[PDB]
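**Q** Opening piece of a complex, kept in its complex position:
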Amino acid sequence: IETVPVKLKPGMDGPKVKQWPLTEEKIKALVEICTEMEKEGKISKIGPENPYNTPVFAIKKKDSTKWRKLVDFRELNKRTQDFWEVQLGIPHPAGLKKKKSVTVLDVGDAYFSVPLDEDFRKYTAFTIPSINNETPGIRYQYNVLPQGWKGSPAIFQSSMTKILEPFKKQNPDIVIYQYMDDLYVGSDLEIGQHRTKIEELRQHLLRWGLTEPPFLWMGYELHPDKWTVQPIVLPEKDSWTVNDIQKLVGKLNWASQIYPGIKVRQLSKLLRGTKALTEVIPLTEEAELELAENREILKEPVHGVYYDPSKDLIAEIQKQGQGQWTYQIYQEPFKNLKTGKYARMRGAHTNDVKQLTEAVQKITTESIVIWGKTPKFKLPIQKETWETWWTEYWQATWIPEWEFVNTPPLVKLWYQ
């Protein structure tokens, strides 16, 4: 090893991101974690001649009662060169999203064995803050490949394919994808045998690692072949009220921006007068006709929709109440690439931000499996509330980008 030619993008300076406040418990955990990391040579203290900074915090995944160090490398990742000299982006395995049992592994600890470019280390600087600014922030810079940096999987890509060559040859039905610090492994067999043959993949890194023991203990198991698809569905009733027909006409009007043949002329005809909202209106068979074509039109996929890897993915989320959350992933308005709903969230029946937070994580994971790219989020929450609390509930080792929606969308009811 001992060679990693890596630099910054031409015309861009290193990250100078301010460290946000941390609770006492997280500062102590980071101090313990970093003290040990410094002894293992992973990080070294630095002086004031390093002006760069990247924020850090602590993450306690429910799987373990120990804290994990999360470095928010979002700004750094934008400023490092794109690693096409290694690979022009390995073709995203479309078989991943066609799999029944995909499991994720945290192979991030494997990055710590490969050293980092001596001229690049200054850009990975981070600060452990102190409470009340009573002492200067403890400053470190990484010496080996950092967890969360874009360059870490790209550099380790030469070594990662060698540890997996025997397993890939032993089972060509299994497709492996890597995103940042995660290994996405898919299989199509029973769950009891799934966890055992995943442990077979798990023991390849231990034999390579030895060349408490730091390796893999948990696997978040997904089933992307049992995921949510949300087509536009219309109500089926025997009696319709004026209000019922108003909402239907509004929904069909909205869906006419996505589907062309949607017609509402005969249903608006039913609202011929000034009736009370709860009054039952009989459906004329000419309007019942029109409702039938619209229903069949909504059965077919959206016309002229495609994925473009050059454009950004946008994820919008709506709060539907009682733990229900709807979302859409798209690049061009009304050209959705995926829609879904989340009914129940881990606890958080009294906490809206925890629900939204892990909804963002699930949507990102789904986006990684389908496209190998994280989307840009539009969040239904005041910026100050989200920014205060999302780190308390975060779990994933990556972090997406997000904006904040401050005007209540009218289309909330149409996705409900």
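**A** Yep, that arrived. Numbering: from 1, shown residues only, chains lettered A, B, ... in the order given.
**Q** helix/strand/coil for the residue positioned nearest the centre of chain A?
**A** Nearest to the mean C-alpha position of chain A, by C-alpha atoms, centre = their mean, lies residue A:364 at 1.6 Å. Secondary structure assignment for residue A:364 (DSSP: H, G, I helix; E, B strand; the rest coil): helix.
**Q** so it sits right up against residue A:398, yeah?
**A** Yes: the pair residue A:364 / residue A:398 is scored as a contact, 7.2 Å apart, by C-beta atoms under 8 Å. All C-beta atoms are positioned from the backbone trio N, CA, C, and that covers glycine.
**Q** residues shared between the contacts of the two?
**A** Between them, residue A:364 and residue A:398 share these contacting residues under C-beta atoms under 8 Å, 6 or more residues apart in numbering: residue A:374.
**Q** mind giving me the domain split of chain A?
**A** Domain assignment for chain A, taken from curated CATH domains, gives A:5-94+A:120-160, A:95-119+A:161-221, A:222-307, A:308-416.
**Q** Can you give me the end-to-end span of stretch A:100-112?
**A** This stretch, stretch A:100-112, spans 32 Å end to end (C-alpha to C-alpha, to the nearest Å).
**Q** In contact with residue A:76, which residues?
**A** By C-beta under 8 Å, 6+ apart, the contact list for residue A:76 reads A:14, A:15, A:54, A:123, A:124, A:149, A:150.
**Q** buried ones in the helix or strand containing it?
**A** Under the criterion of DSSP states H and E, residue A:76 resides in helix A:74-79. Neighbour-count burial for helix A:74-79 flags A:74, A:76, A:77, A:79 (criterion: 16 or more other C-beta atoms under 10 Å).
**Q** what's the spacing between the second one and residue A:374?
**A** The reference is to residue A:76. As judged by C-beta to C-beta, to the nearest Å, residue A:76 and residue A:374 stand 15 Å apart.
**Q** try residue A:409
**A** Distance from residue A:409 to residue A:374, by C-beta to C-beta: 22 Å.
**Q** More neighbours: which of the two?
**A** Set side by side, residue A:409 and residue A:374 show more neighbours around residue A:374, with 22 against 13, by other C-beta atoms under 10 Å.
**Q** element containing the more buried one?
**A** Under the criterion DSSP H and E, no helix or strand holds residue A:374.
**Q** right, and it touches residue A:402 too?
**A** No: using C-beta under 8 Å, residue A:374 is not in contact with residue A:402, being 10.3 Å away.
**Q** still on that earlier bit, tell me the one of the contacts of residue A:76 nearest residue A:353?
**A** Proximity of those to residue A:353 (C-beta to C-beta) peaks at residue A:54, which lies at 24.2 Å.
**Q** and that closest one, what is it in contact with?
**A** A:15, A:17, A:71, A:72, A:73, A:75, A:76, A:124, A:125, A:126.
**Q** now for chain B:
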Amino acid sequence: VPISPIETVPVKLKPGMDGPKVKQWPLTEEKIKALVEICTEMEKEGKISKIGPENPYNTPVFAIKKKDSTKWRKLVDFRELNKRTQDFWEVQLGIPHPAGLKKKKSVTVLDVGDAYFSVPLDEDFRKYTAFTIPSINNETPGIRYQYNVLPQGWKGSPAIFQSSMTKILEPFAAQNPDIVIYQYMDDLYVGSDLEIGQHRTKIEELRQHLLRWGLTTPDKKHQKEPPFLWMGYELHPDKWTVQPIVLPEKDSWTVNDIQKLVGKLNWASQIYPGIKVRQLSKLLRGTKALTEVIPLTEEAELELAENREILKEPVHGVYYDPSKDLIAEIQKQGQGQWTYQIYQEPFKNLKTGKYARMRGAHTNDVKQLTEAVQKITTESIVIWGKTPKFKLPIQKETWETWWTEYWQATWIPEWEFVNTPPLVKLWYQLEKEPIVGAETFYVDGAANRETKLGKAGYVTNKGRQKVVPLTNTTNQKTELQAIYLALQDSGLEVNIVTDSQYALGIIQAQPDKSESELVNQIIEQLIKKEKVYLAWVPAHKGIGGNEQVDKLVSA
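**A** Placing chain B onto the earlier chains gives this:
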């Protein structure tokens, strides 16, 4: 006794730029004679060194008379070199807040002012600190000098000094956990929770530890005992407060006279409860004209007169006790004003403060209370490293109805209700379903964009209708007026059908106060109602009621 060497910090210039070459200004003979005397003593102390003519860099030097004392003072204008020096990690960006200082029994301040000019400078960077003492009558070349230590006024000196001082103080703090040390400029704040006899002994130990690196601090009794004058506060041994601010009275307040006020009141609001400054800060909009003596507002003097009842008697804060819970109370003060107190036991506060509502079009008290909670939460994590427990003037059931029906995700940390009016409440709540037996009002508005003439009105299921002609209006204004007429003319329960996405967007934001008088009037109508169901339909779609009132309104 050998002195341990302070390891140097490698410093470089900005990429592409060179060092400074600003020439030397002519000085009088007494100024030149004073600089030569100063620079001779500094050279004997190793701070600077004479350099040959091969150094092509220069930084202007000056001599300023010290106050009272006839002895001159030396000053280098490193402004041009600071523009070409690399960026540093500025570590003194944030200063501690007194409310976060833990309770200590004895505190001692050590002055290390000599150490600033005793920290070596990077050997490869001294060539850029060159300066010239102009000779008498300019008949010989100036005496050339370069700095060997951190120069007073250089960009990197404050950061390198603290970093160098931190590395020195690390072994002592590690081997003395009963000692808490805080560094700031040339001052060392050393406190402990033990008996005074063991305090001055460990204080003396710190002196010998500093002597190993050649840093000597005064031994005689310092002239700075509690309370201290540090960053605008008064640090008594048991309590803290701001430095007393006798805010003055004035006949004609101007722009700079109220900005002196605005700054000084916000400083006092961290310990003085109930400080309000908005009506005074309302007198600052537009350009910053220093030749404008703006008249005063009547609603700014009566609120001024309220700031005096708090600033008359001295109020103190206590120090942080980590063994007791941290509490934060909030009160609504009106017109977007919120005040808070953070405390651990009744009657005595650690600190106070205020929150000002964000400049927006529509708002309500629940949103404002939420944002204030997030603010107090972020400030508490800074100062104490934990979120406090909240006492809020809002019922548990009110908050539950708000967050479960609000379209945004929202959350506040652990909190309890405190019955201290004015209470934050929900003034209205719309229905989720149409109301049976309630009259249905179909509303619409329309304006002529050319003549600003429009109409607004409604048609109901009982044959009630109304159309009012309007002048100096817009499409958005008539849509809101229509809804207002329907509320004004209906019974206690009413269904309202509108096509205005504009109006829905406002109402679904659930404001209780608006900058628009038309929205505020709607709000006052909603408050009087029992049940209000607001339904939306798309426009220009032949929807009866809506279509039959769209024609009457756009006639």
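**Q** partners of residue B:189 in the sheet?
**A** Residues in a beta bridge with residue B:189, per DSSP bridges, are residue B:109, residue B:182.
**Q** quick one: it and residue B:181 touch, right?
**A** Yes: with contacts counted by C-beta under 8 Å, residue B:189 reaches residue B:181, the gap being 7.0 Å.
**Q** how many other residues sit next to residue B:350?
**A** Neighbourhood size, residue B:350 [other C-beta atoms under 10 Å in any protein chain shown]: 28.
**Q** which residue packs closest to it, ignoring adjacent ones?
**A** Leaving aside its chain neighbours, residue B:350 sits nearest to residue B:99 (4.2 Å; criterion: C-beta to C-beta, 6 or more residues apart in numbering or on different chains).
**Q** tell me the secondary structure for the one you found?
**A** The three-state assignment at residue B:99 reads helix, by three-state DSSP.
**Q** Look at it and say how many residues are nearby.
**A** Around residue B:99 there are 24 residues (other C-beta under 10 Å).
**Q** what's near enough to touch it?
**A** Contacts for residue B:99 (C-beta atoms under 8 Å, 6 or more residues apart in numbering or on different chains) come out as B:240, B:317, B:319, B:320, B:342, B:350, B:351, B:383, B:384.
**Q** Let's see that with 6 Å instead.
**A** Residues counted as contacts of residue B:99 (C-beta atoms under 6 Å, 6 or more residues apart in numbering or on different chains) are B:317, B:350, B:351, B:383.
**Q** Next, work out how far apart the last one and residue B:97 are.
**A** If I follow you right, that is residue B:383. From residue B:383 to residue B:97 the distance is 5 Å (C-beta to C-beta).
**Q** and if you look at the second one?
**A** Distance of residue B:350 to residue B:97, given as C-beta to C-beta: 9 Å.
**Q** What about residue 332? Give its phi and psi, please.
**A** Picking chain A for this. Here is the backbone geometry of residue A:332 (degrees, to the nearest 10): phi -110, psi 130.
**Q** Can you look at chain B instead?
**A** phi -80, psi 130.
**Q** Might one say that residue B:531 is in contact with residue B:429?
**A** No: between residue B:531 and residue B:429 no contact is recorded; they are 9.0 Å apart, counting by C-beta atoms under 6 Å.
**Q** In terms of secondary structure, what does the helix or strand residue B:478 falls within contact?
**A** In this structure, residue B:478 sits in helix B:475-489 according to DSSP H and E. Counting contacts by 3 or more C-beta pairs under 6 Å, 6 or more residues apart in numbering or on different chains; DSSP states H and E, helix B:475-489 packs against strand B:439-447, strand B:454-460, helix B:501-508, helix B:517-528.
**Q** could those be laid out in TSV, adding mean neighbour count?
**A** Listed next are the helices and strands packed on helix B:475-489 as TSV, based on neighbours: other C-beta atoms under 10 Å in any protein chain shown:
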stretch	mean neighbour count
strand B:439-447	28
strand B:454-460	26
helix B:501-508	18
helix B:517-528	16
